[PDB]
>>> print(open('protein.cif').read())   # mmCIF, C-alpha atoms
data_my_file
#
loop_
_atom_site.label_atom_id
_atom_site.label_comp_id
_atom_site.auth_asym_id
_atom_site.auth_seq_id
_atom_site.Cartn_x
_atom_site.Cartn_y
_atom_site.Cartn_z
CA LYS W 3 120.73 245.25 -103.58
CA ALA W 4 124.07 243.70 -102.65
CA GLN W 5 124.71 239.96 -102.99
CA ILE W 6 127.41 238.72 -100.64
CA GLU W 7 129.00 235.26 -100.71
CA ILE W 8 131.27 233.87 -97.99
CA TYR W 9 133.25 230.70 -98.74
CA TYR W 10 134.92 229.01 -95.77
CA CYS W 11 136.82 225.76 -95.31
CA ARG W 12 134.25 223.30 -93.97
CA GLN W 13 136.62 221.39 -91.67
CA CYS W 14 138.86 224.25 -90.50
CA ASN W 15 136.24 225.27 -87.94
CA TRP W 16 135.71 228.61 -89.68
CA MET W 17 131.91 228.62 -89.78
CA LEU W 18 131.79 230.50 -86.48
CA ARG W 19 133.78 233.49 -87.72
CA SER W 20 131.94 233.34 -91.05
CA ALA W 21 128.52 233.50 -89.39
CA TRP W 22 129.77 236.39 -87.28
CA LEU W 23 131.03 238.42 -90.24
CA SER W 24 127.75 237.58 -91.98
CA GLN W 25 125.73 239.13 -89.16
CA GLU W 26 128.05 242.14 -88.98
CA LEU W 27 127.16 242.89 -92.61
CA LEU W 28 123.45 242.08 -92.27
CA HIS W 29 123.29 244.36 -89.24
CA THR W 30 125.14 247.30 -90.79
CA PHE W 31 123.59 247.12 -94.27
CA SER W 32 120.20 245.64 -93.36
CA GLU W 33 118.60 247.76 -96.09
CA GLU W 34 121.17 247.60 -98.89
CA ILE W 35 121.68 243.83 -98.82
CA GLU W 36 119.70 241.30 -100.85
CA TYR W 37 121.36 238.43 -99.01
CA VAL W 38 124.53 237.13 -97.39
CA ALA W 39 125.25 233.51 -98.25
CA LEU W 40 127.54 231.13 -96.40
CA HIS W 41 129.21 228.45 -98.51
CA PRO W 42 130.81 225.55 -96.67
CA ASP W 43 133.95 224.83 -98.71
CA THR W 44 137.16 222.80 -98.97
CA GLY W 45 140.57 223.00 -97.31
CA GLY W 46 142.12 226.32 -96.37
CA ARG W 47 139.60 228.36 -98.35
CA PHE W 48 138.15 231.59 -96.98
CA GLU W 49 137.03 234.04 -99.64
CA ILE W 50 134.35 236.73 -99.70
CA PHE W 51 132.52 238.20 -102.70
CA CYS W 52 130.26 241.24 -103.06
CA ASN W 53 128.19 241.63 -106.22
CA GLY W 54 130.63 239.32 -107.98
CA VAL W 55 133.68 241.26 -106.81
CA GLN W 56 136.18 239.48 -104.55
CA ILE W 57 136.67 241.69 -101.50
CA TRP W 58 138.71 239.18 -99.50
CA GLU W 59 141.02 236.20 -99.96
CA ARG W 60 142.77 234.60 -96.99
CA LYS W 61 146.11 233.86 -98.63
CA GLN W 62 146.16 237.15 -100.48
CA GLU W 63 145.44 239.09 -97.28
CA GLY W 64 147.39 236.68 -95.12
CA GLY W 65 144.59 236.27 -92.61
CA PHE W 66 141.01 237.17 -91.72
CA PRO W 67 139.25 240.58 -92.03
CA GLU W 68 138.35 242.94 -89.24
CA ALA W 69 134.70 243.86 -89.06
CA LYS W 70 135.57 247.47 -89.91
CA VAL W 71 137.64 246.64 -93.00
CA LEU W 72 135.03 244.27 -94.43
CA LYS W 73 132.24 246.78 -93.87
CA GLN W 74 134.25 249.37 -95.67
CA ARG W 75 135.09 247.23 -98.71
CA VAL W 76 131.39 246.36 -98.98
CA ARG W 77 130.37 249.99 -98.59
CA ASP W 78 132.63 251.08 -101.47
CA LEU W 79 130.82 248.63 -103.76
CA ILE W 80 127.25 249.64 -103.02
CA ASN E 2 122.74 217.24 -104.89
CA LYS E 3 123.82 220.21 -102.79
CA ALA E 4 120.98 221.95 -100.99
CA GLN E 5 120.27 225.65 -101.45
CA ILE E 6 118.61 227.19 -98.41
CA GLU E 7 117.08 230.68 -98.24
CA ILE E 8 115.95 232.40 -95.03
CA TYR E 9 113.81 235.54 -95.27
CA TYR E 10 113.36 237.53 -92.06
CA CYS E 11 111.73 240.85 -91.28
CA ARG E 12 114.58 243.38 -91.25
CA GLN E 13 113.19 245.55 -88.43
CA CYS E 14 111.55 242.89 -86.24
CA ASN E 15 114.92 242.04 -84.71
CA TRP E 16 114.82 238.54 -86.20
CA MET E 17 118.33 238.43 -87.69
CA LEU E 18 119.69 236.86 -84.50
CA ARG E 19 117.39 233.84 -84.64
CA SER E 20 117.90 233.61 -88.40
CA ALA E 21 121.69 233.54 -88.10
CA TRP E 22 121.32 230.87 -85.41
CA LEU E 23 119.08 228.64 -87.50
CA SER E 24 121.50 229.17 -90.38
CA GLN E 25 124.41 227.87 -88.31
CA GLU E 26 122.35 224.92 -87.05
CA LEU E 27 121.85 223.82 -90.66
CA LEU E 28 125.41 224.57 -91.80
CA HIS E 29 126.68 222.59 -88.81
CA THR E 30 124.41 219.57 -89.28
CA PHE E 31 124.56 219.36 -93.09
CA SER E 32 128.05 220.81 -93.64
CA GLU E 33 128.55 218.40 -96.54
CA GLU E 34 125.13 218.34 -98.20
CA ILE E 35 124.64 222.12 -98.33
CA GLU E 36 125.72 224.37 -101.18
CA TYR E 37 124.85 227.45 -99.16
CA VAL E 38 122.48 229.00 -96.64
CA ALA E 39 121.45 232.55 -97.51
CA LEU E 40 119.99 235.16 -95.18
CA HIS E 41 117.64 237.68 -96.79
CA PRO E 42 116.78 240.78 -94.78
CA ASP E 43 113.10 241.39 -95.60
CA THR E 44 110.01 243.48 -94.87
CA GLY E 45 107.48 243.54 -92.04
CA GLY E 46 106.43 240.37 -90.27
CA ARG E 47 108.03 238.08 -92.83
CA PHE E 48 109.92 234.95 -91.78
CA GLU E 49 110.00 232.22 -94.40
CA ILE E 50 112.49 229.46 -95.19
CA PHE E 51 113.09 227.66 -98.49
CA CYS E 52 115.08 224.54 -99.36
CA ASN E 53 115.85 223.81 -103.01
CA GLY E 54 112.91 226.01 -103.94
CA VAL E 55 110.52 224.26 -101.56
CA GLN E 56 109.00 226.30 -98.73
CA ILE E 57 109.69 224.42 -95.50
CA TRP E 58 108.53 227.17 -93.15
CA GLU E 59 106.18 230.15 -93.01
CA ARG E 60 105.64 232.09 -89.78
CA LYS E 61 101.92 232.78 -90.14
CA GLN E 62 101.23 229.30 -91.52
CA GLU E 63 103.10 227.66 -88.62
CA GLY E 64 102.07 230.33 -86.12
CA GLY E 65 105.59 230.91 -84.88
CA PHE E 66 109.23 229.95 -85.29
CA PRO E 67 110.76 226.48 -85.87
CA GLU E 68 112.71 224.43 -83.39
CA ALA E 69 116.17 223.40 -84.41
CA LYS E 70 115.06 219.75 -84.62
CA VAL E 71 111.97 220.35 -86.76
CA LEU E 72 113.87 222.47 -89.29
CA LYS E 73 116.69 219.94 -89.56
CA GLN E 74 114.18 217.25 -90.22
CA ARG E 75 112.27 219.13 -92.91
CA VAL E 76 115.57 219.86 -94.65
CA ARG E 77 116.70 216.25 -94.30
CA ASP E 78 113.54 214.97 -96.01
CA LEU E 79 114.35 217.15 -99.02
CA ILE E 80 118.03 216.07 -99.16
CA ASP E 81 117.01 212.41 -99.58
CA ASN S 2 119.76 245.71 -59.75
CA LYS S 3 121.48 244.28 -62.82
CA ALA S 4 120.49 240.70 -63.62
CA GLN S 5 122.86 237.73 -63.51
CA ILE S 6 121.95 235.02 -66.00
CA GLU S 7 123.46 231.53 -66.19
CA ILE S 8 122.93 229.07 -69.04
CA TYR S 9 123.97 225.44 -68.56
CA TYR S 10 124.06 223.29 -71.69
CA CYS S 11 125.19 219.75 -72.39
CA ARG S 12 128.74 220.08 -73.74
CA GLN S 13 128.50 217.19 -76.23
CA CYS S 14 124.86 217.50 -77.33
CA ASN S 15 125.78 220.27 -79.76
CA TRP S 16 123.70 222.78 -77.79
CA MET S 17 126.26 225.59 -77.58
CA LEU S 18 124.89 227.17 -80.76
CA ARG S 19 121.36 227.59 -79.41
CA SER S 20 122.77 228.66 -76.04
CA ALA S 21 124.92 231.39 -77.58
CA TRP S 22 121.88 232.54 -79.55
CA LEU S 23 119.59 232.76 -76.53
CA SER S 24 122.41 234.56 -74.72
CA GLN S 25 122.56 237.22 -77.44
CA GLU S 26 118.77 237.57 -77.50
CA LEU S 27 118.89 238.49 -73.81
CA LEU S 28 121.97 240.72 -74.06
CA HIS S 29 120.33 242.53 -76.97
CA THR S 30 116.92 243.03 -75.33
CA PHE S 31 118.15 243.83 -71.80
CA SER S 32 121.50 245.43 -72.66
CA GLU S 33 121.06 247.88 -69.77
CA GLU S 34 119.48 245.69 -67.08
CA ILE S 35 121.93 242.80 -67.37
CA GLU S 36 125.16 242.48 -65.40
CA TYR S 37 126.17 239.45 -67.44
CA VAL S 38 125.00 236.32 -69.23
CA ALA S 39 127.22 233.31 -68.60
CA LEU S 40 127.43 230.14 -70.65
CA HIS S 41 128.35 226.96 -68.77
CA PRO S 42 129.39 223.94 -70.81
CA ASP S 43 127.86 221.02 -68.90
CA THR S 44 127.22 217.27 -68.87
CA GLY S 45 124.78 214.97 -70.65
CA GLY S 46 121.26 216.11 -71.46
CA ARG S 47 121.45 219.20 -69.28
CA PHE S 48 120.01 222.53 -70.44
CA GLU S 49 118.97 224.83 -67.63
CA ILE S 50 118.76 228.61 -67.30
CA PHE S 51 118.94 230.75 -64.17
CA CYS S 52 118.21 234.44 -63.57
CA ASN S 53 119.37 236.04 -60.32
CA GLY S 54 119.48 232.57 -58.78
CA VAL S 55 115.97 231.68 -59.94
CA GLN S 56 115.55 228.78 -62.37
CA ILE S 57 113.55 230.07 -65.32
CA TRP S 58 114.04 227.02 -67.54
CA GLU S 59 114.64 223.29 -67.33
CA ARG S 60 114.67 221.13 -70.44
CA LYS S 61 113.02 218.03 -68.97
CA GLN S 62 110.56 220.06 -66.95
CA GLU S 63 109.55 222.09 -70.02
CA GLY S 64 110.01 219.18 -72.38
CA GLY S 65 112.14 221.14 -74.81
CA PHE S 66 113.81 224.47 -75.51
CA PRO S 67 112.45 228.01 -74.95
CA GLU S 68 111.32 230.44 -77.59
CA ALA S 69 113.04 233.77 -77.64
CA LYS S 70 109.81 235.47 -76.55
CA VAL S 71 109.06 233.18 -73.60
CA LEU S 72 112.59 233.46 -72.22
CA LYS S 73 112.59 237.26 -72.51
CA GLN S 74 109.35 237.39 -70.66
CA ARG S 75 110.45 235.13 -67.80
CA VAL S 76 113.56 237.28 -67.42
CA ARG S 77 111.55 240.49 -67.57
CA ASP S 78 109.27 239.33 -64.74
CA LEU S 79 112.31 238.88 -62.51
CA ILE S 80 113.78 242.28 -63.29
CA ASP S 81 110.54 244.25 -63.16
CA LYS A 3 138.16 225.14 -64.66
CA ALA A 4 138.69 228.53 -66.32
CA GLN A 5 136.44 231.54 -65.68
CA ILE A 6 136.37 233.96 -68.59
CA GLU A 7 134.83 237.44 -68.57
CA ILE A 8 134.27 239.60 -71.66
CA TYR A 9 133.41 243.28 -71.15
CA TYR A 10 132.19 245.16 -74.23
CA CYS A 11 130.81 248.65 -74.82
CA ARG A 12 127.02 248.22 -74.83
CA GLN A 13 126.29 250.86 -77.50
CA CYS A 14 129.33 250.37 -79.76
CA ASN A 15 127.64 247.40 -81.43
CA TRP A 16 130.33 245.04 -80.10
CA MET A 17 128.08 242.30 -78.72
CA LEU A 18 128.31 240.43 -82.02
CA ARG A 19 132.09 240.07 -81.98
CA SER A 20 131.97 239.35 -78.25
CA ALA A 21 129.48 236.51 -78.67
CA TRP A 22 131.63 235.13 -81.48
CA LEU A 23 134.84 235.17 -79.43
CA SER A 24 132.85 233.61 -76.59
CA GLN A 25 131.85 230.68 -78.79
CA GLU A 26 135.37 230.31 -80.17
CA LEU A 27 136.57 229.74 -76.60
CA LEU A 28 133.63 227.56 -75.55
CA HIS A 29 134.19 225.41 -78.64
CA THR A 30 137.97 225.04 -78.26
CA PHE A 31 138.06 224.59 -74.47
CA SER A 32 134.66 222.98 -73.96
CA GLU A 33 136.14 220.81 -71.20
CA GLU A 34 138.50 223.22 -69.43
CA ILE A 35 136.04 226.10 -69.12
CA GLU A 36 133.68 226.66 -66.20
CA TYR A 37 131.97 229.50 -68.02
CA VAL A 38 132.38 232.43 -70.40
CA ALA A 39 130.49 235.53 -69.30
CA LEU A 40 129.50 238.47 -71.48
CA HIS A 41 129.24 241.81 -69.67
CA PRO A 42 127.50 244.64 -71.51
CA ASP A 43 129.55 247.72 -70.55
CA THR A 44 130.08 251.45 -71.08
CA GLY A 45 131.70 253.53 -73.82
CA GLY A 46 134.73 252.28 -75.70
CA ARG A 47 135.38 249.40 -73.31
CA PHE A 48 136.40 245.96 -74.57
CA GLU A 49 138.40 243.92 -72.08
CA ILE A 50 138.78 240.18 -71.53
CA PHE A 51 139.75 238.35 -68.34
CA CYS A 52 140.72 234.74 -67.69
CA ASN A 53 140.80 233.47 -64.11
CA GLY A 54 141.17 237.06 -62.96
CA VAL A 55 144.04 237.78 -65.36
CA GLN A 56 143.49 240.44 -68.02
CA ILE A 57 144.37 238.84 -71.35
CA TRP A 58 143.10 241.69 -73.53
CA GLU A 59 142.50 245.42 -73.43
CA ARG A 60 141.36 247.26 -76.58
CA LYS A 61 143.36 250.47 -76.06
CA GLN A 62 146.41 248.61 -74.84
CA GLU A 63 146.34 246.29 -77.85
CA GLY A 64 144.99 249.04 -80.14
CA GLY A 65 142.20 246.84 -81.50
CA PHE A 66 140.46 243.48 -81.25
CA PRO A 67 141.96 239.97 -80.88
CA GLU A 68 142.22 237.30 -83.51
CA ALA A 69 140.63 234.01 -82.57
CA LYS A 70 144.06 232.35 -82.59
CA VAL A 71 145.76 234.91 -80.34
CA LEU A 72 142.94 234.85 -77.78
CA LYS A 73 142.86 231.04 -77.75
CA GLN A 74 146.55 231.04 -77.12
CA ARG A 75 146.51 233.55 -74.24
CA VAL A 76 143.75 231.50 -72.59
CA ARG A 77 145.65 228.25 -73.13
CA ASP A 78 148.76 229.62 -71.39
CA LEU A 79 146.68 230.34 -68.28
CA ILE A 80 144.62 227.14 -68.32
CA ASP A 81 145.05 223.96 -66.31
CA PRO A 82 146.64 222.00 -69.19
#
>>> encode(input="protein.cif", output="structure tokens")
Amino acid sequence: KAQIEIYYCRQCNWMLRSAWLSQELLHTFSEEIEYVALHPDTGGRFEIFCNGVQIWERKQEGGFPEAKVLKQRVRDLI
Amino acid sequence: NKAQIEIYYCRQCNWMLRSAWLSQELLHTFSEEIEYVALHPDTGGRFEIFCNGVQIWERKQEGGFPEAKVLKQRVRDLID
Amino acid sequence: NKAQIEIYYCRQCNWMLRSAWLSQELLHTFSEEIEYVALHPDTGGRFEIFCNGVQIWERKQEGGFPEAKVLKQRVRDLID
Amino acid sequence: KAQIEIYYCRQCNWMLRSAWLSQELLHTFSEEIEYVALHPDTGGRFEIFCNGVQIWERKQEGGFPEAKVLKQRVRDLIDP
């Protein structure tokens, strides 16, 4: 089962959107997911991993993922 | 040093909502002492929470679900 | 016909989280019988919930916060 | 105070993102907001209103708002 990690900058007030994305994944892949973990992190960081594979990086992407895009990148890995 | 919290909830009992909430309560209160809070979709009737390997909540055992205050406190006692 | 629910929570007591949760519990369970669920940031110590004008929860009165089940039930009795 | 309404398609599984956006606003404008209301709606609808002014329409915008953009559109209509 999939192991998803979400790292978000602790003081950038990004927990909200992280918890949301977390539930979007838990809701859509309730049976293919082992767990979705939220990692409070340091400045400007927002990165998501699926089974060890980075499926999102704020700077790289220049922003935050849409629910649809994230679901899709996760789907392609499971 | 940094707490590891695991939340197991019955996948089909519609308990994700309350699990995600409790997760945010902890992440919000212990934003600096927590390594991560993990949500584990599980099987029938299960709702159990662990902190650094220590079970701090079991639905049957407790006969229900934890209040935000009680859970924070049980986590706090394990973080110091 | 469709229920109107209002949730007043103390703005600075860090109660938005639990309010947003309860709001989603209701929207999820009564997605077809609810007109809307409104969250009202309020003043000190206040946490009160109304359904179609009827108060179904008062923190002091109840001495705490409602369980998802109890709140659903009190709302259900005012719809049905 | 501002009055915000969020209409989302009830069966499109859009409550989640609606509740999130709701909290983003309640958190950022905790003192300038009267209330944020979530309205479960019909097919394909996702529209947001602020003090009677439409600040978002899914088709019109061809998608969903970023937290920053929505905050901004609300701020421009708010009693500064």
>>> residues_around(input="protein.cif", residues="residue W:31", least_positions_apart="4", cutoff="9 Å", atoms="only C-alpha atoms", output="JSON, numbers by chain")
{"W": [26, 27, 35, 73, 77]}
>>> resolve_selection(input="protein.cif", expression="the PyMOL selection byres ((chain S) within 12 of (chain W))", output="list in words")
residues 17, 18, 21 and 22 of chain S
>>> closest_residue(input="protein.cif", among="E:15, E:32, E:24, E:2", to="residue W:13", atoms="all atoms listed in the file")
E:32
>>> residues_around(input="protein.cif", residues="stretch 54-62 of chain A", least_positions_apart="2", cutoff="10 Å", atoms="all atoms listed in the file", output="JSON list (two decimals) with C-alpha atoms, keeping the file's coordinate frame")
[["chain", "number", "residue", "atom", "x", "y", "z"],
["A", 4, "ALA", "CA", 138.69, 228.53, -66.32],
["A", 5, "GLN", "CA", 136.44, 231.54, -65.68],
["A", 6, "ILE", "CA", 136.37, 233.96, -68.59],
["A", 7, "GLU", "CA", 134.83, 237.44, -68.57],
["A", 8, "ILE", "CA", 134.27, 239.60, -71.66],
["A", 9, "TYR", "CA", 133.41, 243.28, -71.15],
["A", 10, "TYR", "CA", 132.19, 245.16, -74.23],
["A", 46, "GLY", "CA", 134.73, 252.28, -75.70],
["A", 47, "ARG", "CA", 135.38, 249.40, -73.31],
["A", 48, "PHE", "CA", 136.40, 245.96, -74.57],
["A", 49, "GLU", "CA", 138.40, 243.92, -72.08],
["A", 50, "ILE", "CA", 138.78, 240.18, -71.53],
["A", 51, "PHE", "CA", 139.75, 238.35, -68.34],
["A", 52, "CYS", "CA", 140.72, 234.74, -67.69],
["A", 64, "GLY", "CA", 144.99, 249.04, -80.14],
["A", 65, "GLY", "CA", 142.20, 246.84, -81.50],
["A", 66, "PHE", "CA", 140.46, 243.48, -81.25],
["A", 67, "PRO", "CA", 141.96, 239.97, -80.88],
["A", 71, "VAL", "CA", 145.76, 234.91, -80.34],
["A", 72, "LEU", "CA", 142.94, 234.85, -77.78],
["A", 74, "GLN", "CA", 146.55, 231.04, -77.12],
["A", 75, "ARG", "CA", 146.51, 233.55, -74.24],
["A", 76, "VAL", "CA", 143.75, 231.50, -72.59],
["A", 79, "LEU", "CA", 146.68, 230.34, -68.28]]
>>> resolve_selection(input="protein.cif", expression="the PyMOL selection byres ((chain A) within 12 of (chain E))", output="list in words")
residues 17, 18, 21 and 22 of chain A
>>> atom_distance(input="protein.cif", atom1="atom CA of residue S:73", atom2="atom CA of residue E:6")
28.4 Å
>>> atom_distance(input="protein.cif", atom1="atom CA of residue W:37", atom2="atom CA of residue E:40")
5.2 Å
>>> closest_residue(input="protein.cif", among="A:33, A:63, A:25, A:82", to="chain W", atoms="all atoms listed in the file")
A:25
>>> atom_distance(input="protein.cif", atom1="atom CA of residue E:47", atom2="atom CA of residue E:35")
23.7 Å
>>> resolve_selection(input="protein.cif", expression="the PyMOL selection byres ((chain W and resi 17) around 12)", output="compact mmCIF listing (two decimals) with C-alpha atoms, in the frame of the given file")
# COMPACT_ATOMS: atom_id res chain seq x y z
CA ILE W 8 131.27 233.87 -97.99
CA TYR W 9 133.25 230.70 -98.74
CA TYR W 10 134.92 229.01 -95.77
CA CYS W 11 136.82 225.76 -95.31
CA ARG W 12 134.25 223.30 -93.97
CA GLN W 13 136.62 221.39 -91.67
CA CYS W 14 138.86 224.25 -90.50
CA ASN W 15 136.24 225.27 -87.94
CA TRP W 16 135.71 228.61 -89.68
CA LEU W 18 131.79 230.50 -86.48
CA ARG W 19 133.78 233.49 -87.72
CA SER W 20 131.94 233.34 -91.05
CA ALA W 21 128.52 233.50 -89.39
CA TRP W 22 129.77 236.39 -87.28
CA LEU W 23 131.03 238.42 -90.24
CA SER W 24 127.75 237.58 -91.98
CA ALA W 39 125.25 233.51 -98.25
CA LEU W 40 127.54 231.13 -96.40
CA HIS W 41 129.21 228.45 -98.51
CA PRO W 42 130.81 225.55 -96.67
CA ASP W 43 133.95 224.83 -98.71
CA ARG W 47 139.60 228.36 -98.35
CA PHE W 48 138.15 231.59 -96.98
CA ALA E 21 121.69 233.54 -88.10
CA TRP E 22 121.32 230.87 -85.41
CA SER E 24 121.50 229.17 -90.38
CA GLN E 25 124.41 227.87 -88.31
CA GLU E 26 122.35 224.92 -87.05
CA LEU E 27 121.85 223.82 -90.66
CA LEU E 28 125.41 224.57 -91.80
CA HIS E 29 126.68 222.59 -88.81
CA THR E 30 124.41 219.57 -89.28
CA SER E 32 128.05 220.81 -93.64
CA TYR E 37 124.85 227.45 -99.16
CA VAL E 38 122.48 229.00 -96.64
CA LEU S 18 124.89 227.17 -80.76
CA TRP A 22 131.63 235.13 -81.48
CA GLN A 25 131.85 230.68 -78.79
CA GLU A 26 135.37 230.31 -80.17
CA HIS A 29 134.19 225.41 -78.64
>>> residues_around(input="protein.cif", residues="residue S:13", least_positions_apart="6", cutoff="10 Å", atoms="only C-alpha atoms", output="list in words")
residues 42, 43, 44, 45 and 46 of chain S; 32 and 33 of chain A
>>> axis_aligned_box(input="protein.cif", around="stretch 17-24 of chain W", padding_each_side="4 Å", output="lines of an AutoDock Vina configuration file")
center_x = 130.8
center_y = 233.5
center_z = -89.2
size_x = 14.0
size_y = 17.8
size_z = 13.5
>>> residues_around(input="protein.cif", residues="residue E:63", least_positions_apart="5", cutoff="12 Å", atoms="all atoms listed in the file", output="PDB file with C-alpha atoms, in the frame of the given file")
ATOM      1  CA  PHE E  48     109.920 234.950 -91.780  1.00  0.00           C
ATOM      2  CA  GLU E  49     110.000 232.220 -94.400  1.00  0.00           C
ATOM      3  CA  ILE E  50     112.490 229.460 -95.190  1.00  0.00           C
ATOM      4  CA  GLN E  56     109.000 226.300 -98.730  1.00  0.00           C
ATOM      5  CA  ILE E  57     109.690 224.420 -95.500  1.00  0.00           C
ATOM      6  CA  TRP E  58     108.530 227.170 -93.150  1.00  0.00           C
ATOM      7  CA  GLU E  68     112.710 224.430 -83.390  1.00  0.00           C
ATOM      8  CA  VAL E  71     111.970 220.350 -86.760  1.00  0.00           C
ATOM      9  CA  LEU E  72     113.870 222.470 -89.290  1.00  0.00           C
TER      10      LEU E  72
END
>>> residues_around(input="protein.cif", residues="stretch 53-63 of chain W", least_positions_apart="4", cutoff="10 Å", atoms="all atoms listed in the file", output="MDAnalysis selection string")
chainID W and resid 3:10 46:49 67 71:72 74:76 79:80
>>> closest_residue(input="protein.cif", among="A:27, A:45, A:16, A:11", to="residue A:77", atoms="all atoms listed in the file")
A:27
>>> residues_near_point(input="protein.cif", point="(131.5, 230.2, -69.2)", cutoff="6 Å", atoms="all atoms listed in the file", output="MDAnalysis selection string")
(chainID S and resid 39:41) or (chainID A and resid 36:39)
>>> decode(input="protein.cif", residues="stretch 50-65 of chain W", atoms="N, CA, C and O atoms", output="compact mmCIF listing (two decimals), in the first residue's frame")
# COMPACT_ATOMS: atom_id res chain seq x y z
N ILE W 50 5.86 16.87 -1.56
CA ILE W 50 5.09 15.66 -1.35
C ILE W 50 5.77 14.44 -1.95
O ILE W 50 6.30 14.49 -3.06
N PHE W 51 5.75 13.34 -1.21
CA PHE W 51 6.36 12.09 -1.65
C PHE W 51 5.36 10.94 -1.63
O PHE W 51 4.48 10.89 -0.77
N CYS W 52 5.51 10.02 -2.57
CA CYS W 52 4.65 8.85 -2.66
C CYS W 52 5.56 7.65 -2.88
O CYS W 52 6.26 7.55 -3.89
N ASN W 53 5.56 6.73 -1.91
CA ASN W 53 6.40 5.55 -1.98
C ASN W 53 7.85 5.93 -2.28
O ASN W 53 8.52 5.29 -3.08
N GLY W 54 8.31 7.00 -1.64
CA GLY W 54 9.68 7.44 -1.83
C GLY W 54 9.93 8.32 -3.04
O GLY W 54 11.00 8.92 -3.16
N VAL W 55 8.94 8.41 -3.93
CA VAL W 55 9.08 9.24 -5.12
C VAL W 55 8.47 10.62 -4.94
O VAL W 55 7.30 10.75 -4.57
N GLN W 56 9.27 11.66 -5.19
CA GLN W 56 8.79 13.03 -5.07
C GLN W 56 7.80 13.31 -6.19
O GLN W 56 8.15 13.23 -7.36
N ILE W 57 6.56 13.63 -5.83
CA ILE W 57 5.55 13.92 -6.82
C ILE W 57 5.17 15.40 -6.82
O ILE W 57 4.27 15.82 -7.55
N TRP W 58 5.86 16.18 -6.00
CA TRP W 58 5.59 17.62 -5.93
C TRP W 58 6.61 18.39 -5.11
O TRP W 58 7.00 17.99 -4.02
N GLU W 59 7.02 19.53 -5.67
CA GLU W 59 7.99 20.42 -5.06
C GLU W 59 7.57 21.84 -5.42
O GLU W 59 7.57 22.22 -6.60
N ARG W 60 7.22 22.62 -4.41
CA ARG W 60 6.76 23.99 -4.61
C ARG W 60 7.56 24.84 -5.59
O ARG W 60 7.00 25.36 -6.55
N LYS W 61 8.85 25.00 -5.35
CA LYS W 61 9.67 25.81 -6.23
C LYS W 61 9.67 25.27 -7.64
O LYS W 61 9.44 25.99 -8.61
N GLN W 62 9.93 23.97 -7.74
CA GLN W 62 9.97 23.27 -9.01
C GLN W 62 8.70 23.53 -9.81
O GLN W 62 8.75 23.90 -10.98
N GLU W 63 7.56 23.32 -9.16
CA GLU W 63 6.25 23.51 -9.80
C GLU W 63 5.82 24.97 -9.81
O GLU W 63 4.90 25.34 -10.55
N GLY W 64 6.45 25.78 -8.97
CA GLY W 64 6.09 27.19 -8.92
C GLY W 64 4.72 27.40 -8.32
O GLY W 64 3.97 28.25 -8.79
N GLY W 65 4.39 26.63 -7.28
CA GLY W 65 3.09 26.76 -6.65
C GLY W 65 2.60 25.52 -5.94
O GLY W 65 3.38 24.65 -5.57
